[PDB]
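Read top to bottom, the protein sequences are chains B and A. Residue numbering for the first sequence follows the authors' numbering, starting at 2 and increasing by one per position. Residue numbering for the second sequence follows the authors' numbering, starting at 2 and increasing by one per position. So the structure is just underneath, and the comments pick up after that.
There are 2 protein chains.
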Amino acid sequence: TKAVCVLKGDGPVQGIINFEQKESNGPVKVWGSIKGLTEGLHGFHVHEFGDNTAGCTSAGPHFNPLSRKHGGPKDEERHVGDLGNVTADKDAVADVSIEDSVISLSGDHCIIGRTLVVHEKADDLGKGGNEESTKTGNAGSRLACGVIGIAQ
Amino acid sequence: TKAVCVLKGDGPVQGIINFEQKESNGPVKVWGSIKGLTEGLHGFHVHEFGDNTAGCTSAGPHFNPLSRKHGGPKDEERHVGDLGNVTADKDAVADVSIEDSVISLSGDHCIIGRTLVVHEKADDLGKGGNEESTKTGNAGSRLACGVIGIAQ
Ligand SMILES: [Zn+2]
Ligand SMILES: [Zn+2]
Numbered sequence: 002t003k004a005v006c007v008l009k010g011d012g013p014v015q016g017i018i019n020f021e022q023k024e025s026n027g028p029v030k031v032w033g034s035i036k037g038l039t040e041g042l043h044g045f046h047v048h049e050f051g052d053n054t055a056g057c058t059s060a061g062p063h064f065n066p067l068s069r070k071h072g073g074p075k076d077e078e079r080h081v082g083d084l085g086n087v088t089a090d091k092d093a094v095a096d097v098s099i100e101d102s103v104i105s106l107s108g109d110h111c112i113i114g115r116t117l118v119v120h121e122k123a124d125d126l127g128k129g130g131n132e133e134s135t136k137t138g139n140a141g142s143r144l145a146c147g148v149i150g151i152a153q
Numbered sequence: 002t003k004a005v006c007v008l009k010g011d012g013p014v015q016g017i018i019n020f021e022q023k024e025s026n027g028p029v030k031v032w033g034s035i036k037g038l039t040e041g042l043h044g045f046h047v048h049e050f051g052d053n054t055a056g057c058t059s060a061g062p063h064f065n066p067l068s069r070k071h072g073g074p075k076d077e078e079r080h081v082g083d084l085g086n087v088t089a090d091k092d093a094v095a096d097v098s099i100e101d102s103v104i105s106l107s108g109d110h111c112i113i114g115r116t117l118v119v120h121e122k123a124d125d126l127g128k129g130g131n132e133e134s135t136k137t138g139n140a141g142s143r144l145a146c147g148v149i150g151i152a153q
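What follows is the structure in C-alpha cells.
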C-alpha cells in the first residue's frame with residue numbers, strides 16, 4: 002500500500018511527500034522533500050477534506066475522527082492527522098522522514114482522499130496554554146497542500 | 002458522502018467536478034464544469050492512481066479493478082473508471098451532469114483518492130475497431146486532471 006501527495010500553495014512552497022504502509026496495521030512511513038520553506042520548524046498535518054476548491058482553506062481542520070484535542074504525534078491525546086513538525090534547513094529544504102502509527106492508508110484512520118498541509122510556523126504540539134494550541138497547535142497559515150492519492 | 006475534484010493541466014483546461022452518493026449501495030451523481038476545451042466530445046475517466054507527480058501522466062490507466070475491456074459508461078463490459086464523454090459547447094465549456102452506478106465513493110469501486118482526467122479527443126466508447134479502443138477508447142492525451150478528495 003502506497004500513497005503520494007504533491008504540495009502546492011500560493012507562495013513558493015512545493016514538494017512531493019510519499020506514504021508507505023507495508024502492513025495493514027503497521028506504521029506508515031512518510032517521506033519526501035519540500036522546498037521554499039523558511040529555515041526552522043513547520044506544522045505538518047493531515048487535514049479533514051481533500052477539497053482544494055478554495056486552495057488550502059477548503060481542506061477544513063486537522064483530520065480528527067475521534068474528536069480529541071490537538072497534540073504532538075507521540076501523545077495519546079491527538080488528532081489522527083497530527084504529524085508534528087518538519088524541519089527546513091538553511092537552504093529552505095525540509096527532507097521529511099516521519100514514521101507514524103496513528104494515521105493509516107486503510108480503515109477508519111485512512112488519510113487517502115484527504116489533504117496534507119505544511120504550515121507557516123512551528124506546531125507547539127498542544128503545549129502553548131490556550132485553546133488555539135489544543136486546536137491547531139498555533140502553527141499558523143497554510144503554506145502548501147495537496148490531496149493524498151493512491152500510488153504504486 | 003461527497004467528493005470533489007479540481008482539474009488542472011499544462012494548458013488552459015481547468016474546472017471543478019463534484020460527486021455525491023446518498024446511499025452506499027446507490028448511484029453517484031457527478032457534476033460541474035470544465036473550461037478551455039475545444040468544442041466537442043472529450044474522454045472523461047477515473048484513472049487508477051491519484052499520483053500527480055508527473056502531471057496527469059503518472060495517473061496510470063483507467064481504473065479497472067475487475068480487469069475488463071474499455072467501454073462506455075452504460076456498457077456491461079467496461080472499466081469502473083469509464084465515464085464516457087463530456088461535451089464542450091461553442092464557448093469552450095463543458096457542463097457535466099452524470100449519474101453512474103458502477104463507480105462508488107466507498108467500497109471496492111471507491112474512486113476517492115484516484116485521478117479524474119479529461120481527455121483531448123472523444124472516447125469511442127471502445128467500439129473503434131483497433132486494440133487501443135478497448136484499452137483507452139482513443140481519447141488522446143490528458144489535458145487536465147486532479148485527485149479526487151473527500152468533501153464536506
Ligand atoms: Zn491537530
Ligand atoms: Zn476505460
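Yeah, the Cβ is synthetic: ideal placement off N, Cα and C, and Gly gets one too.
Item	Value
For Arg143 (chain B) and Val119 (chain B), the rounded distance between their alpha carbons	6 Å
Short CB-CB distance (under 8 Å) between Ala152 (chain A) and chain B	yes
Where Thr58 (chain B) falls, given that 16 or more other Cβ within 10 Å makes a residue buried	exposed
Proximity test, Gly41 (chain A) beta-carbon vs ligand 2 heavy atom, cut-off 7 Å	no
Positions along the region 95-122 of chain B whose CB lies within less than 8 Å of some CB in chain A	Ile113, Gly114, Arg115, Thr116
Best match in A:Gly114, A:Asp92, A:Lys75 for proximity to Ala152 (chain A) [C-alpha to C-alpha]	A:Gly114
Under 5 Å, CB to nearest heavy atom of ligand 2: contacting residues	A:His63, A:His71, A:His80, A:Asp83
Contact belief for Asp124 (chain A) with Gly44 (chain A) at Cβ below 8 Å, rounded distance in angstroms	4 Å
Any chain A beta carbon closer than 8 Å to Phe50 (chain B)	yes
Below-8 Å beta-carbon distance, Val7 (chain B) vs any chain A residue	yes
Contact check, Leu8 (chain B) vs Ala145 (chain B), beta carbons under 8 Å	yes
Test: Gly12 (chain B) CB closer than 8 Å to a CB of chain A	no
Three-way DSSP call (helix, strand, coil) for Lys3 (chain B) in this model	strand
Residues bridged to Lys70 (chain B) [DSSP beta-bridge criterion]	In DSSP, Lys70 (chain B) forms no bridge with anything.
Top-ranked residue by Cα proximity to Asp90 (chain B), from B:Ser34, B:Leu84, B:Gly141	B:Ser34
Chain A within 8 Å of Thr2 (chain B), Cβ atoms only	no
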